[PDB]
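Next up: just one chain, as structure tokens, the form deposited in one PDB entry.
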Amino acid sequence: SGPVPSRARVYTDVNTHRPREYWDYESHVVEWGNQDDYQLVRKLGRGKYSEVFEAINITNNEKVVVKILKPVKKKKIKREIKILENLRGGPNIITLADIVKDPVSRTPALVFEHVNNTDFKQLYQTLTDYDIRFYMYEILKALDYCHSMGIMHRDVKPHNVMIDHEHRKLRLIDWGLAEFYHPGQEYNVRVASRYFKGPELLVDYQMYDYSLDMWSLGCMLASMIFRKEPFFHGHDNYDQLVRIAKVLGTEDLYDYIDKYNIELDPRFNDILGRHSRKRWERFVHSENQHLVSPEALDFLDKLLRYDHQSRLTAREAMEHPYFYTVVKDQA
């Protein structure tokens, strides 16, 4: 009879202090550009809700990326657009450049700045220890910004990070799952990719916040420093929690569940079992050691907690000793 409520420990009331129209995205009327300014060059991808193309803007010969949407509810498009507009100009956030509709096909299309992304297949296997720190820092810039701006991404994962390694340039993309944080709001748990889902999603706690992003970020980091993609390799949503439980241990899981008075889907009773909390050494090997340091491990531990309220904030993370060499070097 009742899960215990949660609020975010930071940036809690940011949207409340803004005018309505900032977060009330169903109000948003869309500014349409001229679709004849863009010619499609080649397909790049086929996401869940979109097909993605490289294009040229013929007015200025600018290279651009075009996301043509499949049928989605207008208020979700208004949501994606509103968040992009609110965040435009923020550090390492992708820039929305324009919005167009095919006059006949009535299909909306988002137009983005092009990033010359070297492929995350082969990039991630040439990344030095310093490289990872630098790019982890650059993602945290984006996350602290969007959080301070009342937004949670909700789909942080390698595919949604664009890196031009030649120009040491990073952009957090795909804001189509992002939502505004409002104290006491119960969100949809059917979000994020399986391997990147935090416990709150898996146990069905809806009153989550920005700290979801910090779990996902931990997942990314783990896979990068231990060179194990994906780090938590679940067979389905249920088993994903088990993979977490096999590392973080069942004791803290049940403490988390008590505190928030969560009702576990009675299925979980079977397969969760009892499991100790493992040390990170069980994942350190000769081919990864050159990426793992005590400071990296300390950092990771403080991202990957069941209790969303005890995970580092983006700002806290940025102050971690893991990034001292990076922070000092960025002068």
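Residue indices: 1-based, along the sequence shown. So that the term is clear: the rigid core is the largest set of C-alpha atoms that superpose within 1.5 Å between two forms.
The discussion below concerns the form deposited in another entry, not included here.
Per-residue Cα shift between the shown form and the other one after core alignment stays below 2 Å for all of 122, 188, 261, 128 except 122. With the core held fixed, residue 48 shows a CA shift of 2 Å or greater between the shown form and the other one. Look at residue 171 and residue 120: in that other deposited form their Cα atoms come 3 Å or more closer than in this form.
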